[PDB]
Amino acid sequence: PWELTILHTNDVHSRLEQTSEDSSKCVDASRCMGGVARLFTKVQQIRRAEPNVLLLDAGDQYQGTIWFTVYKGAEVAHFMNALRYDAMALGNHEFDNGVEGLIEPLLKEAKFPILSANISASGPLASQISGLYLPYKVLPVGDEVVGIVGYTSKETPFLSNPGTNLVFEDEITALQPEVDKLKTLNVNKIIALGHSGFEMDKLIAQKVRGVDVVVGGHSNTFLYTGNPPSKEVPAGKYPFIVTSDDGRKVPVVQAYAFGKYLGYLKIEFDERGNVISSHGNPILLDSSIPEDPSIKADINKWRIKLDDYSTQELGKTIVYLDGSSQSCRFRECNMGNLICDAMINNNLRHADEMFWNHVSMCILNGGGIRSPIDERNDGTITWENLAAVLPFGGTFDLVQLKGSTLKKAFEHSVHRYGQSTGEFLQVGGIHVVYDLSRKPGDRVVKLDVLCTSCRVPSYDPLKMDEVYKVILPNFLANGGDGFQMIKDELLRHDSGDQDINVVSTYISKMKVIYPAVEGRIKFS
C-alpha cells in the first residue's frame, strides 16, 4: 500500500499565540496550549517520522485576535509559510476585509496554493484575481501525486464581506466536474479540502464521486476515537465514515478550532487510488510539546506592534460608558446599547430588495460586560480599555431563533431579578417591557422587534412562530448563564467576529460616540 499522513488545521482564528485550555488568553503558561510555535514542533516531529505528509488548512485563519486587527492577514501568510503548509481552502472569514483584504496580505504572499472551486468572479475583478486562488492543485508527494479540491461556504455573503462581484455556487455542483476532470488527468487520489461545515462535508463525501477523503471546517467540529484528551466533547468518531453513493467508505475529518489540536489521519491507498484503510485522531497541542524557540522568538518580535497598538486612541466618547454591574445587570445601560449597536453594524451585509439588512436584532447578557469606560481621559478609548469590558476572548455570533425561544430567553433574563446575576439582557433592535410583579416566566408584557423585510425599519410585535436572526455572544449561543433554550432550540448558528474587534471597528468608524439610555428596556 502507499501510505499518506494528512495533517490538518481549521478555524485557527488568529490564535498565533498559545492560549488557555478554553482558547482565550494564556494566563498560566505551563498549562497553555496551541499557538504556531508549538504546532511547528509537532509538524516537524511528524515530518521526521513519516515519508508522505501533507499539511492542509481548511480555512478561517482570518479573524479572532488583535493579531488580525493589526496585521490584517500578513501574520497568516508569514506564519503559515514558516510552517510550510501544502494547501489552504478559503473560509468565510477570509473575506472579512473584502476581496482586496484577501488578495493583498494573503493571496499574493502565501507560498502554497489557496483553493476554492465554487467561487466565481465577473467584470474587472475576474481578471484581477484570475489564478490567485485555484479550484484545485495537484501536488507531488514522494513518487505519487494527490489532487486537492477546495470549496467555501455558500453562505459566505451573509457571514462576511465578499462584495457583489463574487458568486458562491453550490459546492457539490461545482466540485463534481473538477473531480471528474482530475480523473481524466490520471489523478486517482483526491482530497476535498473546504469550509462549509460538517453537515455539508458529509454530503460531499456521499455525493461527489471520486472524492477519497473530506477535510473540513467552519462548524468547529470535534471528532475523536477513544476517550477524549481534554474538555471538548466528540460529535462522532475520527474519522467519521460516510458510505458514498458509489459504495465506497469515505473518511471525513475536522479538528475543532483555535489551533488547540493538530488533525492527523493516516490513509493507505492501493495502486489504483482506492482507500484500503484510514485511522488517526486529532493531537492535543498541550504543554508537554515544547514551543519551537525560533518561531516563539519571531512571535515575540511581532508582538511589539500589538502592544504599541493596544494603547493607541481608537476614537472618543463624550459620555461616561456605563458598564458597571449595578447598571447592566438591573436595567438598560448605555455600554450595552453601544455594544449591541456595534454588533448590528458589524453584520451589515449586501441585501436583496427584500430586506434593508438581513439581521436587525441583538442580545447581550449583562454578565458579559465587565467594566465601564470613563470619558474624562480627554474622551480617549483604547483597545486596552475595550479588553477590560470584553475580557473573555469571545465572538459575536449569528443565530436563528423562533420568537417563542426569544420570549423564553427574555423571561429567563428576569426569572430571579434583583440578585445581580449575569443573565439580564441588554439589547439592540428589540424593545421589551417587564412587569416584575408577575410570576417568574410571565413577566414579559411587551416585546417588539425591528423588521428586516421592510424598506423603512420599524418595530412590530414579536411573533411566536416566526424565526428571527439575532446577533449574540458565543457564550449565549452555547447556553451560558442558563440560556439552555437558546442552545437547544436554535435553528442555525454561525461563529462571528472577535468581540473586542467588533466594538473597536465601530468606535473607529463613528469617531465620537455618545450612546444614551433610551427606553429599549422598561419596567411597568
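Don't overthink the numbering: it's just position in the shown sequence, from 1.
Stretches 221-229 and 77-85 differ in mean CA B factor, with 221-229 having the higher one.
Stretch comparison (170-178 versus 334-342) by mean CA B-factor in the PDB entry places 170-178 on top. Highest C-alpha temperature factor among 296, 249, 431, 260, as the PDB entry reports it: 249.
Per the deposited coordinates, the residue with the largest Cα temperature factor out of 322, 448, 292, 435 is 435. Sort the chain's modelled residues by C-alpha temperature factor and residue 196 lands in the lowest third, per the entry. For residue 354, the recorded CA temperature factor ranks within the highest third of the chain's modelled residues. When the modelled residues of the chain are ordered by their C-alpha B factor, residue 17 lands in the middle third. Among the modelled residues of its chain, residue 150 has a C-alpha B-factor that falls in the lowest third according to the deposited record. Sorting the modelled residues of the chain by their CA temperature factor places residue 473 in the lowest third.
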